[PDB]
Amino acid sequence: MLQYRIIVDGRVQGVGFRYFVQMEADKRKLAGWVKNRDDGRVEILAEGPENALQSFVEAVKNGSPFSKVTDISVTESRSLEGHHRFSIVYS
């Protein structure tokens, strides 16, 4: 088990990307959130099996097929969310 926070940049809005990320977390039953940042970036935060999490980075770094990620940043964490679902957030 592990946890991370990820920040993403590119054409990652107006392409449904937060829903792409939502479904790509759900297809591994990961827990955490995805949100837009008012700065213009997007953010992911997840917890789950570290193989499933790495596979979720492989999903995220692609963007949706409609998107294009042009830069991405990652921080692993060990200060668990303890969540039981994935969510779309805007806080």
# chains A, B, ... in the order shown; residues from 1 in each chain; ligands from 1
call {"tool": "select_by_dssp", "arguments": {"residues": "chain A", "states": "strand (DSSP E or B)", "output": "ChimeraX atom specification"}}
result
/A:2-11,31-36,42-48,68-77,86-89
call {"tool": "residues_around", "arguments": {"residues": "residue 29 in chain A", "least_positions_apart": "6", "cutoff": "10 Å", "atoms": "only C-alpha atoms", "output": "MDAnalysis selection string"}}
result
chainID A and resid 23 47:49 52 84:86
call {"tool": "write_last_selection", "arguments": {"atoms": "N, CA, C and O atoms", "output": "CSV table (one decimal), in the first residue's frame"}}
result
chain,number,residue,atom,x,y,z
A,23,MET,N,-12.4,7.5,-13.8
A,23,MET,CA,-12.7,6.1,-14.2
A,23,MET,C,-11.5,5.3,-14.1
A,23,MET,O,-11.5,4.1,-13.8
A,47,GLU,N,-4.5,6.8,-3.0
A,47,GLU,CA,-4.0,5.8,-2.1
A,47,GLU,C,-4.4,4.4,-2.6
A,47,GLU,O,-5.5,4.3,-3.2
A,48,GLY,N,-3.6,3.4,-2.5
A,48,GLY,CA,-3.9,2.0,-2.9
A,48,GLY,C,-2.7,1.1,-3.0
A,48,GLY,O,-1.6,1.5,-2.6
A,49,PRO,N,-2.8,-0.1,-3.6
A,49,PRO,CA,-1.7,-1.0,-3.9
A,49,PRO,C,-0.7,-0.2,-4.8
A,49,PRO,O,-1.1,0.4,-5.8
A,52,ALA,N,-0.9,-0.9,-8.5
A,52,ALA,CA,-2.1,-0.2,-9.1
A,52,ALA,C,-1.9,1.3,-9.2
A,52,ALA,O,-2.3,1.9,-10.2
A,84,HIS,N,-12.2,5.6,1.2
A,84,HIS,CA,-12.8,4.3,0.7
A,84,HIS,C,-13.4,4.5,-0.7
A,84,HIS,O,-14.1,3.5,-1.2
A,85,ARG,N,-13.3,5.6,-1.4
A,85,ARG,CA,-13.8,5.9,-2.7
A,85,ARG,C,-12.8,6.9,-3.4
A,85,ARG,O,-12.0,7.5,-2.7
A,86,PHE,N,-12.9,7.0,-4.7
A,86,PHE,CA,-12.3,8.1,-5.4
A,86,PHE,C,-13.3,9.2,-5.7
A,86,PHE,O,-14.5,8.9,-5.7
call {"tool": "select_by_dssp", "arguments": {"residues": "range 2-71 of chain A", "states": "alpha helix (DSSP H)", "output": "NGL selection string"}}
result
:A and (17-26 or 50-62)
call {"tool": "write_last_selection", "arguments": {"atoms": "C-alpha atoms", "output": "PDB file, in the first residue's frame"}}
result
ATOM      1  CA  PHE A  17      -9.721  14.593 -18.278  1.00  0.00           C
ATOM      2  CA  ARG A  18     -10.958  14.652 -14.645  1.00  0.00           C
ATOM      3  CA  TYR A  19     -13.602  12.050 -15.640  1.00  0.00           C
ATOM      4  CA  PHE A  20     -10.879  10.020 -17.460  1.00  0.00           C
ATOM      5  CA  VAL A  21      -8.840  10.061 -14.218  1.00  0.00           C
ATOM      6  CA  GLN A  22     -11.997   9.252 -12.161  1.00  0.00           C
ATOM      7  CA  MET A  23     -12.719   6.109 -14.201  1.00  0.00           C
ATOM      8  CA  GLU A  24      -9.006   5.144 -14.329  1.00  0.00           C
ATOM      9  CA  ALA A  25      -8.931   5.228 -10.485  1.00  0.00           C
ATOM     10  CA  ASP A  26     -12.257   3.338 -10.262  1.00  0.00           C
ATOM     11  CA  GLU A  50       1.598   0.470  -5.191  1.00  0.00           C
ATOM     12  CA  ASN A  51       1.398  -1.556  -8.462  1.00  0.00           C
ATOM     13  CA  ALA A  52      -2.136  -0.230  -9.102  1.00  0.00           C
ATOM     14  CA  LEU A  53      -0.909   3.296  -8.231  1.00  0.00           C
ATOM     15  CA  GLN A  54       2.035   3.018 -10.697  1.00  0.00           C
ATOM     16  CA  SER A  55      -0.439   1.781 -13.351  1.00  0.00           C
ATOM     17  CA  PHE A  56      -2.618   4.819 -12.496  1.00  0.00           C
ATOM     18  CA  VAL A  57       0.422   7.122 -13.102  1.00  0.00           C
ATOM     19  CA  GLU A  58       0.732   5.409 -16.526  1.00  0.00           C
ATOM     20  CA  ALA A  59      -2.964   6.249 -17.124  1.00  0.00           C
ATOM     21  CA  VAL A  60      -2.645   9.853 -15.808  1.00  0.00           C
ATOM     22  CA  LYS A  61       0.578  10.706 -17.726  1.00  0.00           C
ATOM     23  CA  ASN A  62      -1.108   9.763 -21.051  1.00  0.00           C
TER      24      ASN A  62
END
call {"tool": "atom_distance", "arguments": {"atom1": "CA of residue 79 in chain A", "atom2": "CA of residue 4 in chain A"}}
result
9.4 Å
call {"tool": "closest_residue", "arguments": {"among": "A:35, A:28, A:68, A:78", "to": "residue 90 in chain A", "atoms": "only C-alpha atoms"}}
result
A:35
call {"tool": "closest_residue", "arguments": {"among": "A:3, A:76, A:65, A:12", "to": "residue 33 in chain A", "atoms": "only C-alpha atoms"}}
result
A:3
call {"tool": "residues_around", "arguments": {"residues": "residue 36 in chain A", "least_positions_apart": "2", "cutoff": "10 Å", "atoms": "only C-alpha atoms", "output": "short mmCIF file (atom, residue, chain, number, x, y, z; two decimals) with C-alpha atoms, in the first residue's frame"}}
result
data_model
loop_
_atom_site.label_atom_id
_atom_site.label_comp_id
_atom_site.auth_asym_id
_atom_site.auth_seq_id
_atom_site.Cartn_x
_atom_site.Cartn_y
_atom_site.Cartn_z
CA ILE A 7 0.21 17.68 -10.47
CA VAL A 8 -0.40 17.72 -14.26
CA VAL A 12 -5.91 18.78 -19.45
CA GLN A 13 -9.18 20.81 -19.25
CA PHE A 17 -9.72 14.59 -18.28
CA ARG A 18 -10.96 14.65 -14.65
CA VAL A 34 -8.87 14.52 -8.74
CA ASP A 38 -7.37 27.65 -10.38
CA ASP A 39 -3.69 28.25 -11.30
CA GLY A 40 -4.35 26.27 -14.56
CA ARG A 41 -2.88 22.87 -13.50
CA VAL A 42 -4.79 19.71 -12.51
CA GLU A 43 -4.11 17.66 -9.34
CA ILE A 44 -4.53 13.97 -8.50
CA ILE A 88 -13.94 14.65 -8.27
CA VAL A 89 -13.26 17.76 -6.14
CA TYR A 90 -12.91 21.56 -6.71
CA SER A 91 -11.98 22.80 -3.16
#
call {"tool": "atom_distance", "arguments": {"atom1": "CA of residue 73 in chain A", "atom2": "CA of residue 11 in chain A"}}
result
15.4 Å
call {"tool": "atom_distance", "arguments": {"atom1": "CA of residue 6 in chain A", "atom2": "CA of residue 32 in chain A"}}
result
11.4 Å
call {"tool": "decode", "arguments": {"residues": "chain A", "atoms": "C-alpha atoms", "output": "compact mmCIF listing (two decimals), in the first residue's frame"}}
result
# COMPACT_ATOMS: atom_id res chain seq x y z
CA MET A 1 0.00 0.00 0.00
CA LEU A 2 1.16 3.58 -0.81
CA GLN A 3 -0.21 7.11 -1.36
CA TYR A 4 0.81 9.98 -3.71
CA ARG A 5 -0.09 13.49 -4.89
CA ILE A 6 0.43 14.36 -8.58
CA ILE A 7 0.21 17.68 -10.47
CA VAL A 8 -0.40 17.72 -14.26
CA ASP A 9 -0.16 20.44 -16.96
CA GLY A 10 -1.05 20.63 -20.67
CA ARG A 11 -4.38 20.51 -22.51
CA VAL A 12 -5.91 18.78 -19.45
CA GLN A 13 -9.18 20.81 -19.25
CA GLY A 14 -11.99 21.10 -21.84
CA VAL A 15 -11.22 17.41 -22.74
CA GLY A 16 -13.08 15.56 -19.89
CA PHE A 17 -9.72 14.59 -18.28
CA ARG A 18 -10.96 14.65 -14.65
CA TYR A 19 -13.60 12.05 -15.64
CA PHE A 20 -10.88 10.02 -17.46
CA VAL A 21 -8.84 10.06 -14.22
CA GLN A 22 -12.00 9.25 -12.16
CA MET A 23 -12.72 6.11 -14.20
CA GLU A 24 -9.01 5.14 -14.33
CA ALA A 25 -8.93 5.23 -10.49
CA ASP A 26 -12.26 3.34 -10.26
CA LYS A 27 -11.00 0.57 -12.62
CA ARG A 28 -8.39 -0.22 -9.87
CA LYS A 29 -10.76 0.72 -6.94
CA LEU A 30 -8.17 3.32 -5.81
CA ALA A 31 -9.28 5.98 -3.26
CA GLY A 32 -8.52 9.74 -3.22
CA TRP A 33 -9.47 12.68 -5.49
CA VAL A 34 -8.87 14.52 -8.74
CA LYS A 35 -9.38 18.32 -8.95
CA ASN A 36 -8.72 21.28 -11.22
CA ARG A 37 -6.38 23.99 -9.81
CA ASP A 38 -7.37 27.65 -10.38
CA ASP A 39 -3.69 28.25 -11.30
CA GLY A 40 -4.35 26.27 -14.56
CA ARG A 41 -2.88 22.87 -13.50
CA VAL A 42 -4.79 19.71 -12.51
CA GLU A 43 -4.11 17.66 -9.34
CA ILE A 44 -4.53 13.97 -8.50
CA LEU A 45 -4.19 12.46 -4.99
CA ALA A 46 -4.54 8.68 -4.49
CA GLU A 47 -3.98 5.77 -2.09
CA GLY A 48 -3.93 2.01 -2.86
CA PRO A 49 -1.71 -0.95 -3.90
CA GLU A 50 1.60 0.47 -5.19
CA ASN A 51 1.40 -1.56 -8.46
CA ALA A 52 -2.14 -0.23 -9.10
CA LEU A 53 -0.91 3.30 -8.23
CA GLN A 54 2.03 3.02 -10.70
CA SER A 55 -0.44 1.78 -13.35
CA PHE A 56 -2.62 4.82 -12.50
CA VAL A 57 0.42 7.12 -13.10
CA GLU A 58 0.73 5.41 -16.53
CA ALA A 59 -2.96 6.25 -17.12
CA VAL A 60 -2.65 9.85 -15.81
CA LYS A 61 0.58 10.71 -17.73
CA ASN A 62 -1.11 9.76 -21.05
CA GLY A 63 -3.92 12.24 -20.44
CA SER A 64 -7.18 11.14 -21.99
CA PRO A 65 -6.67 10.30 -25.71
CA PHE A 66 -8.38 13.73 -26.24
CA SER A 67 -5.94 15.50 -23.84
CA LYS A 68 -2.21 16.19 -24.03
CA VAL A 69 -0.13 16.23 -20.86
CA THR A 70 2.95 18.42 -21.49
CA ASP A 71 4.39 18.24 -17.91
CA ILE A 72 3.67 16.15 -14.78
CA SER A 73 5.05 16.11 -11.19
CA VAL A 74 4.73 13.41 -8.45
CA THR A 75 5.26 13.22 -4.66
CA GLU A 76 4.80 9.89 -2.86
CA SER A 77 3.31 10.20 0.65
CA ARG A 78 3.07 7.85 3.68
CA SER A 79 0.50 9.84 5.71
CA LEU A 80 -2.59 7.96 4.52
CA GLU A 81 -5.92 9.41 3.33
CA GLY A 82 -7.73 6.32 4.75
CA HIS A 83 -10.48 7.03 2.15
CA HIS A 84 -12.80 4.33 0.69
CA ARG A 85 -13.75 5.92 -2.71
CA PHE A 86 -12.27 8.12 -5.44
CA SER A 87 -13.86 11.59 -5.96
CA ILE A 88 -13.94 14.65 -8.27
CA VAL A 89 -13.26 17.76 -6.14
CA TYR A 90 -12.91 21.56 -6.71
CA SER A 91 -11.98 22.80 -3.16
